[PDB]
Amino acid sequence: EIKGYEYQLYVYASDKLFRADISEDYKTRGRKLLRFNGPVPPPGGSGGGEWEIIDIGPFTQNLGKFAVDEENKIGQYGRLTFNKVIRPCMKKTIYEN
């Protein structure tokens, strides 16, 4: 049976974007702020669309390897070694309108 939930929210406050991580008890509906960090970059890039959770199989792992390979051309964090992609992996599909 459900023990509770964790939520990850992108919340604007004072015109700035933050990531908030919240825990919630199923039985009491009592809530806890786990983390509040930012400002964070907005999700996505261009175009409207709907977000979905996808699995983290080989295709998603190779997207992570792509991202690290590209970042290593930039070098902002030094030379990085890809380890793995973790859940959740989110995908937005953008339809031409």
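Residues carry their position along the shown sequence, with the first being 1.
> Output the stretch having the higher mean C-alpha B factor in the entry; the candidates are 27-35 and 52-60.
27-35 has the higher mean C-alpha B-factor.
> If you average the Cα B factors in the entry, which is higher, 77-85 or 12-20?
Going by the record's values, the stretch with the higher mean is 77-85.
> Going by the CA temperature factor in the PDB record, which third of the chain does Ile94 belong to: lowest, middle or highest?
Middle third of the chain for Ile94's C-alpha B-factor.
> Within this chain, which third does the Cα B-factor at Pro42 fall in: lowest, middle or highest?
It belongs to the lowest third of the chain when residues are ordered by C-alpha B-factor.
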